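Below is one structure, written out as structure tokens, with a few remarks after it.
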Amino acid sequence: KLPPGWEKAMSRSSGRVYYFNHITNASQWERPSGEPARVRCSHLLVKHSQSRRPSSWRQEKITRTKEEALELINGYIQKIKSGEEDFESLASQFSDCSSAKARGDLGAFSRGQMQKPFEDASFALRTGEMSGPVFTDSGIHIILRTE
């Protein structure tokens with residue numbers, strides 16, 4: 001069974017089986033379940049000192065390490081998954097991209113247009129699904145596929 005990228009693994013914490021996707025870095029307890037020319041996604045970006053351009057609208061010189069960036073990402077994913085905050089609200093407020101202004105929505109794109117890790121993750125996530133941490137030269141993303 002299992003769609004592209006989805007595999008089974010063992011939880012070291014709990015000793016129950018979970019499901020992870022090596023392409024999108026999603027993980028969940030529940031069993032998940034062609035490829036369209038285009039998809040639509042929003043995304044929240046946390047840059048770090050090793051980013052391509054270590055600057056954003058929020059912060060002219062970004063100094064946080066890639067480890068700190070990753071902790072921030074993990075926190076946001078925790079808050080989104082718990083329902084304490086929704087995706088759009090955190091992108092608007094905290095994304096290190098100007099796409100923040102549009103609730104992190106980047107519009108529709110096909111393969112061949114975006115940074116490959118971002119693309120691969122976007123095309124593996126079904127409408128409504130959200131990635132784990134996704135690493136590009138811009139920094140670390142959370143991705144939501146909206147169409």
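Residues in the structure tokens are numbered from 1 in each chain, the chains being A, B, ... in the order shown, and ligands are numbered from 1 in the order shown.
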
Check: Residues of range 21-92 of chain A in strand (DSSP E or B) according to DSSP, as a PyMOL selection string?
Finding: chain A and resi 21+27-28+39-46+56+59

Distance query residue 54 in chain A at most 12 Å, only C-alpha atoms, self and fewer than 2 positions along chain excluded, as a CSV table (one decimal) with N, CA and C atoms, in the first residue's frame:
```csv
chain,number,residue,atom,x,y,z
A,45,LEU,N,8.5,30.5,6.0
A,45,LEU,CA,9.9,30.3,5.9
A,45,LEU,C,10.6,31.0,7.1
A,46,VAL,N,11.5,30.2,7.8
A,46,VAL,CA,12.4,30.7,8.8
A,46,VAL,C,13.8,30.7,8.2
A,47,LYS,N,14.4,31.8,8.0
A,47,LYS,CA,15.7,31.9,7.5
A,47,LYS,C,16.7,31.8,8.7
A,48,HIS,N,18.0,31.5,8.4
A,48,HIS,CA,19.0,31.5,9.4
A,48,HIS,C,20.3,32.1,8.8
A,49,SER,N,21.4,32.2,9.6
A,49,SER,CA,22.6,32.8,9.2
A,49,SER,C,23.3,32.1,8.0
A,50,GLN,N,22.9,30.9,7.6
A,50,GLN,CA,23.4,30.2,6.5
A,50,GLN,C,22.5,30.3,5.3
A,51,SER,N,21.4,31.1,5.4
A,51,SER,CA,20.5,31.3,4.2
A,51,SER,C,21.3,32.0,3.1
A,52,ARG,N,20.8,31.8,1.9
A,52,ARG,CA,21.2,32.5,0.7
A,52,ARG,C,21.3,34.0,0.9
A,56,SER,N,15.4,39.7,5.8
A,56,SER,CA,14.0,39.7,5.5
A,56,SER,C,13.3,40.9,6.1
A,57,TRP,N,12.0,41.1,5.7
A,57,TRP,CA,11.2,42.2,6.1
A,57,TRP,C,11.2,42.3,7.6
A,58,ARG,N,11.3,41.1,8.3
A,58,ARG,CA,11.2,41.2,9.8
A,58,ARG,C,12.5,41.6,10.4
A,59,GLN,N,13.6,41.4,9.7
A,59,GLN,CA,14.9,41.4,10.3
A,59,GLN,C,16.0,41.5,9.3
A,60,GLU,N,16.7,42.6,9.3
A,60,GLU,CA,17.6,43.0,8.3
A,60,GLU,C,18.8,42.1,8.2
A,61,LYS,N,19.4,41.8,9.4
A,61,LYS,CA,20.4,40.8,9.6
A,61,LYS,C,19.9,39.6,10.5
A,62,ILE,N,19.7,38.5,9.8
A,62,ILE,CA,19.2,37.3,10.5
A,62,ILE,C,20.5,36.6,11.0
A,63,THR,N,20.6,36.3,12.3
A,63,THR,CA,21.8,35.8,13.0
A,63,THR,C,21.6,34.4,13.6
A,64,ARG,N,20.3,33.9,13.7
A,64,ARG,CA,20.0,32.7,14.3
A,64,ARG,C,20.7,31.5,13.5
A,65,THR,N,21.1,30.5,14.3
A,65,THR,CA,21.7,29.3,13.6
A,65,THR,C,20.6,28.5,12.9
A,66,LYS,N,21.1,27.6,12.0
A,66,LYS,CA,20.2,26.6,11.4
A,66,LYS,C,19.5,25.8,12.4
A,69,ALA,N,16.6,28.0,13.9
A,69,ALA,CA,15.6,28.0,12.8
A,69,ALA,C,14.8,26.8,12.8
A,96,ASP,N,9.8,34.6,7.0
A,96,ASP,CA,10.9,35.4,6.6
A,96,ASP,C,10.9,35.7,5.1
A,97,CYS,N,9.7,35.7,4.5
A,97,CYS,CA,9.5,35.9,3.1
A,97,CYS,C,8.4,36.9,3.0
A,137,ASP,N,18.0,26.4,0.1
A,137,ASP,CA,19.0,27.4,0.4
A,137,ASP,C,18.4,28.7,1.0
A,138,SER,N,17.1,28.9,0.9
A,138,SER,CA,16.5,30.1,1.4
A,138,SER,C,16.4,29.9,2.9
A,139,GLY,N,16.2,28.7,3.4
A,139,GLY,CA,16.0,28.4,4.8
A,139,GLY,C,15.1,27.1,5.0
```

Notebook entry, point to check: For residue 100 in chain A, which of A:6, A:87, A:135, A:18 is the closest residue, counting only C-alpha atoms?
Noted result: A:87

Next item on the list: Using only C-alpha atoms, pick whichever of A:113, A:93, A:74, A:27 has the shortest atom-to-atom distance to residue 39 in chain A.
Entry: A:113

Run DSSP on the backbone and grab whatever in chain A lands in helix (DSSP H, G or I); send it over as a PDB file with N, CA, C and O atoms, in the first residue's frame.
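File part_1.pdb, as written:
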```pdb
ATOM      1  N   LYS A  66      21.065  27.596  12.045  1.00  0.00           N
ATOM      2  CA  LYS A  66      20.156  26.644  11.362  1.00  0.00           C
ATOM      3  C   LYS A  66      19.500  25.764  12.436  1.00  0.00           C
ATOM      4  O   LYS A  66      18.385  25.269  12.176  1.00  0.00           O
ATOM      5  N   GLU A  67      20.156  25.574  13.592  1.00  0.00           N
ATOM      6  CA  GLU A  67      19.537  24.761  14.625  1.00  0.00           C
ATOM      7  C   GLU A  67      18.372  25.527  15.260  1.00  0.00           C
ATOM      8  O   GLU A  67      17.349  24.928  15.603  1.00  0.00           O
ATOM      9  N   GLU A  68      18.534  26.845  15.414  1.00  0.00           N
ATOM     10  CA  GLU A  68      17.539  27.685  16.069  1.00  0.00           C
ATOM     11  C   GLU A  68      16.321  27.829  15.161  1.00  0.00           C
ATOM     12  O   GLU A  68      15.192  27.728  15.629  1.00  0.00           O
ATOM     13  N   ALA A  69      16.597  28.004  13.867  1.00  0.00           N
ATOM     14  CA  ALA A  69      15.613  28.049  12.799  1.00  0.00           C
ATOM     15  C   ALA A  69      14.755  26.793  12.847  1.00  0.00           C
ATOM     16  O   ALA A  69      13.533  26.889  12.754  1.00  0.00           O
ATOM     17  N   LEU A  70      15.424  25.633  12.994  1.00  0.00           N
ATOM     18  CA  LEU A  70      14.729  24.355  13.030  1.00  0.00           C
ATOM     19  C   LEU A  70      13.842  24.234  14.280  1.00  0.00           C
ATOM     20  O   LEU A  70      12.719  23.726  14.167  1.00  0.00           O
ATOM     21  N   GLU A  71      14.292  24.764  15.431  1.00  0.00           N
ATOM     22  CA  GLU A  71      13.463  24.740  16.633  1.00  0.00           C
ATOM     23  C   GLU A  71      12.222  25.613  16.460  1.00  0.00           C
ATOM     24  O   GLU A  71      11.138  25.222  16.905  1.00  0.00           O
ATOM     25  N   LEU A  72      12.391  26.775  15.806  1.00  0.00           N
ATOM     26  CA  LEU A  72      11.260  27.641  15.538  1.00  0.00           C
ATOM     27  C   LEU A  72      10.242  26.912  14.661  1.00  0.00           C
ATOM     28  O   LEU A  72       9.046  26.951  14.944  1.00  0.00           O
ATOM     29  N   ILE A  73      10.727  26.236  13.616  1.00  0.00           N
ATOM     30  CA  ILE A  73       9.871  25.522  12.684  1.00  0.00           C
ATOM     31  C   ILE A  73       9.080  24.474  13.457  1.00  0.00           C
ATOM     32  O   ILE A  73       7.854  24.427  13.340  1.00  0.00           O
ATOM     33  N   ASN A  74       9.775  23.722  14.325  1.00  0.00           N
ATOM     34  CA  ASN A  74       9.161  22.637  15.069  1.00  0.00           C
ATOM     35  C   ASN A  74       8.053  23.179  15.971  1.00  0.00           C
ATOM     36  O   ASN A  74       6.971  22.581  16.053  1.00  0.00           O
ATOM     37  N   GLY A  75       8.341  24.293  16.650  1.00  0.00           N
ATOM     38  CA  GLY A  75       7.361  25.004  17.462  1.00  0.00           C
ATOM     39  C   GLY A  75       6.108  25.371  16.658  1.00  0.00           C
ATOM     40  O   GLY A  75       4.994  25.069  17.086  1.00  0.00           O
ATOM     41  N   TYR A  76       6.290  25.989  15.477  1.00  0.00           N
ATOM     42  CA  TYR A  76       5.147  26.411  14.672  1.00  0.00           C
ATOM     43  C   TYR A  76       4.291  25.209  14.277  1.00  0.00           C
ATOM     44  O   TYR A  76       3.074  25.280  14.329  1.00  0.00           O
ATOM     45  N   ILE A  77       4.936  24.117  13.854  1.00  0.00           N
ATOM     46  CA  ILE A  77       4.270  22.890  13.434  1.00  0.00           C
ATOM     47  C   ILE A  77       3.494  22.356  14.644  1.00  0.00           C
ATOM     48  O   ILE A  77       2.352  21.900  14.529  1.00  0.00           O
ATOM     49  N   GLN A  78       4.085  22.479  15.835  1.00  0.00           N
ATOM     50  CA  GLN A  78       3.376  22.050  17.036  1.00  0.00           C
ATOM     51  C   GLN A  78       2.102  22.873  17.224  1.00  0.00           C
ATOM     52  O   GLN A  78       1.043  22.313  17.493  1.00  0.00           O
ATOM     53  N   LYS A  79       2.202  24.198  17.053  1.00  0.00           N
ATOM     54  CA  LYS A  79       1.077  25.095  17.283  1.00  0.00           C
ATOM     55  C   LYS A  79       0.029  24.910  16.195  1.00  0.00           C
ATOM     56  O   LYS A  79      -1.144  24.937  16.481  1.00  0.00           O
ATOM     57  N   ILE A  80       0.440  24.664  14.953  1.00  0.00           N
ATOM     58  CA  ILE A  80      -0.522  24.411  13.892  1.00  0.00           C
ATOM     59  C   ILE A  80      -1.237  23.086  14.144  1.00  0.00           C
ATOM     60  O   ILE A  80      -2.449  22.978  13.988  1.00  0.00           O
ATOM     61  N   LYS A  81      -0.484  22.058  14.521  1.00  0.00           N
ATOM     62  CA  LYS A  81      -1.077  20.735  14.635  1.00  0.00           C
ATOM     63  C   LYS A  81      -1.990  20.625  15.854  1.00  0.00           C
ATOM     64  O   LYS A  81      -2.958  19.863  15.828  1.00  0.00           O
ATOM     65  N   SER A  82      -1.721  21.424  16.888  1.00  0.00           N
ATOM     66  CA  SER A  82      -2.550  21.423  18.075  1.00  0.00           C
ATOM     67  C   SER A  82      -3.817  22.256  17.869  1.00  0.00           C
ATOM     68  O   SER A  82      -4.708  22.216  18.710  1.00  0.00           O
ATOM     69  N   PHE A  87      -2.220  27.954  10.216  1.00  0.00           N
ATOM     70  CA  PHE A  87      -1.113  28.154   9.310  1.00  0.00           C
ATOM     71  C   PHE A  87      -1.003  29.627   8.902  1.00  0.00           C
ATOM     72  O   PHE A  87       0.035  30.255   9.114  1.00  0.00           O
ATOM     73  N   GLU A  88      -2.085  30.161   8.331  1.00  0.00           N
ATOM     74  CA  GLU A  88      -2.083  31.463   7.684  1.00  0.00           C
ATOM     75  C   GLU A  88      -1.647  32.542   8.666  1.00  0.00           C
ATOM     76  O   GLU A  88      -0.946  33.486   8.296  1.00  0.00           O
ATOM     77  N   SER A  89      -2.059  32.368   9.922  1.00  0.00           N
ATOM     78  CA  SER A  89      -1.830  33.350  10.972  1.00  0.00           C
ATOM     79  C   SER A  89      -0.345  33.429  11.326  1.00  0.00           C
ATOM     80  O   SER A  89       0.206  34.512  11.505  1.00  0.00           O
ATOM     81  N   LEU A  90       0.327  32.273  11.368  1.00  0.00           N
ATOM     82  CA  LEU A  90       1.744  32.202  11.692  1.00  0.00           C
ATOM     83  C   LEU A  90       2.586  32.645  10.488  1.00  0.00           C
ATOM     84  O   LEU A  90       3.641  33.236  10.656  1.00  0.00           O
ATOM     85  N   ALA A  91       2.154  32.348   9.260  1.00  0.00           N
ATOM     86  CA  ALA A  91       2.939  32.786   8.105  1.00  0.00           C
ATOM     87  C   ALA A  91       2.922  34.315   8.031  1.00  0.00           C
ATOM     88  O   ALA A  91       3.950  34.968   7.833  1.00  0.00           O
ATOM     89  N   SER A  92       1.721  34.869   8.221  1.00  0.00           N
ATOM     90  CA  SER A  92       1.495  36.292   8.132  1.00  0.00           C
ATOM     91  C   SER A  92       2.426  37.010   9.097  1.00  0.00           C
ATOM     92  O   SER A  92       2.903  38.094   8.799  1.00  0.00           O
ATOM     93  N   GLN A  93       2.651  36.392  10.254  1.00  0.00           N
ATOM     94  CA  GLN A  93       3.302  37.067  11.363  1.00  0.00           C
ATOM     95  C   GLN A  93       4.805  36.807  11.355  1.00  0.00           C
ATOM     96  O   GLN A  93       5.556  37.706  11.725  1.00  0.00           O
ATOM     97  N   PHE A  94       5.238  35.589  10.962  1.00  0.00           N
ATOM     98  CA  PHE A  94       6.585  35.136  11.291  1.00  0.00           C
ATOM     99  C   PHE A  94       7.385  34.642  10.078  1.00  0.00           C
ATOM    100  O   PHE A  94       8.575  34.390  10.210  1.00  0.00           O
ATOM    101  N   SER A  98       8.338  37.658   1.851  1.00  0.00           N
ATOM    102  CA  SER A  98       7.334  38.691   1.669  1.00  0.00           C
ATOM    103  C   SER A  98       6.000  38.064   1.275  1.00  0.00           C
ATOM    104  O   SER A  98       4.966  38.728   1.382  1.00  0.00           O
ATOM    105  N   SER A  99       6.025  36.786   0.859  1.00  0.00           N
ATOM    106  CA  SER A  99       4.810  35.977   0.778  1.00  0.00           C
ATOM    107  C   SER A  99       3.991  35.949   2.083  1.00  0.00           C
ATOM    108  O   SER A  99       2.807  35.632   2.055  1.00  0.00           O
ATOM    109  N   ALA A 100       4.601  36.271   3.235  1.00  0.00           N
ATOM    110  CA  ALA A 100       3.857  36.495   4.466  1.00  0.00           C
ATOM    111  C   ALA A 100       2.641  37.393   4.219  1.00  0.00           C
ATOM    112  O   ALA A 100       1.580  37.177   4.805  1.00  0.00           O
ATOM    113  N   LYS A 101       2.799  38.415   3.365  1.00  0.00           N
ATOM    114  CA  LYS A 101       1.736  39.388   3.162  1.00  0.00           C
ATOM    115  C   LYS A 101       0.503  38.702   2.568  1.00  0.00           C
ATOM    116  O   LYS A 101      -0.598  39.240   2.640  1.00  0.00           O
ATOM    117  N   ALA A 102       0.681  37.520   1.964  1.00  0.00           N
ATOM    118  CA  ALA A 102      -0.432  36.863   1.293  1.00  0.00           C
ATOM    119  C   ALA A 102      -0.779  35.548   2.011  1.00  0.00           C
ATOM    120  O   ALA A 102      -1.115  34.540   1.382  1.00  0.00           O
ATOM    121  N   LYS A 116      14.159  22.571  -5.887  1.00  0.00           N
ATOM    122  CA  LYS A 116      13.714  21.197  -6.077  1.00  0.00           C
ATOM    123  C   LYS A 116      13.136  20.599  -4.789  1.00  0.00           C
ATOM    124  O   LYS A 116      12.108  19.923  -4.843  1.00  0.00           O
ATOM    125  N   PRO A 117      13.760  20.775  -3.594  1.00  0.00           N
ATOM    126  CA  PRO A 117      13.257  20.135  -2.375  1.00  0.00           C
ATOM    127  C   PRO A 117      11.823  20.585  -2.108  1.00  0.00           C
ATOM    128  O   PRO A 117      10.953  19.773  -1.765  1.00  0.00           O
ATOM    129  N   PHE A 118      11.601  21.897  -2.337  1.00  0.00           N
ATOM    130  CA  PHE A 118      10.316  22.546  -2.154  1.00  0.00           C
ATOM    131  C   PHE A 118       9.313  21.967  -3.143  1.00  0.00           C
ATOM    132  O   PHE A 118       8.187  21.606  -2.789  1.00  0.00           O
ATOM    133  N   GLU A 119       9.759  21.803  -4.385  1.00  0.00           N
ATOM    134  CA  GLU A 119       8.903  21.240  -5.419  1.00  0.00           C
ATOM    135  C   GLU A 119       8.549  19.795  -5.081  1.00  0.00           C
ATOM    136  O   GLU A 119       7.378  19.399  -5.119  1.00  0.00           O
ATOM    137  N   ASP A 120       9.568  18.985  -4.793  1.00  0.00           N
ATOM    138  CA  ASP A 120       9.293  17.578  -4.536  1.00  0.00           C
ATOM    139  C   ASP A 120       8.276  17.436  -3.401  1.00  0.00           C
ATOM    140  O   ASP A 120       7.377  16.591  -3.465  1.00  0.00           O
ATOM    141  N   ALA A 121       8.461  18.225  -2.334  1.00  0.00           N
ATOM    142  CA  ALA A 121       7.551  18.145  -1.204  1.00  0.00           C
ATOM    143  C   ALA A 121       6.146  18.572  -1.637  1.00  0.00           C
ATOM    144  O   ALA A 121       5.184  17.875  -1.341  1.00  0.00           O
ATOM    145  N   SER A 122       6.035  19.700  -2.358  1.00  0.00           N
ATOM    146  CA  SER A 122       4.747  20.235  -2.785  1.00  0.00           C
ATOM    147  C   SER A 122       3.962  19.225  -3.615  1.00  0.00           C
ATOM    148  O   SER A 122       2.741  19.190  -3.532  1.00  0.00           O
ATOM    149  N   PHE A 123       4.658  18.427  -4.434  1.00  0.00           N
ATOM    150  CA  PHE A 123       3.989  17.568  -5.404  1.00  0.00           C
ATOM    151  C   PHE A 123       3.622  16.230  -4.770  1.00  0.00           C
ATOM    152  O   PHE A 123       2.859  15.460  -5.336  1.00  0.00           O
ATOM    153  N   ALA A 124       4.186  15.969  -3.586  1.00  0.00           N
ATOM    154  CA  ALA A 124       3.929  14.704  -2.856  1.00  0.00           C
ATOM    155  C   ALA A 124       2.815  14.913  -1.824  1.00  0.00           C
ATOM    156  O   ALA A 124       2.193  13.914  -1.415  1.00  0.00           O
TER     157      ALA A 124
END
```

Check: CA of residue 44 in chain A and CA of residue 22 in chain A are how many Å apart?
Finding: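 One can read the CA of residue 44 in chain A to CA of residue 22 in chain A distance as 19.5 Å.
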
Margin query: Using Å and a single decimal, report how far CA of residue 30 in chain A sits from CA of residue 95 in chain A.
Written below: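 That distance, rounded to one decimal, is 28.7 Å.
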
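The nearest approach to residue 32 in chain A among the residues A:19, A:85, A:108, A:131, with only C-alpha atoms taken into account, belongs to A:19.
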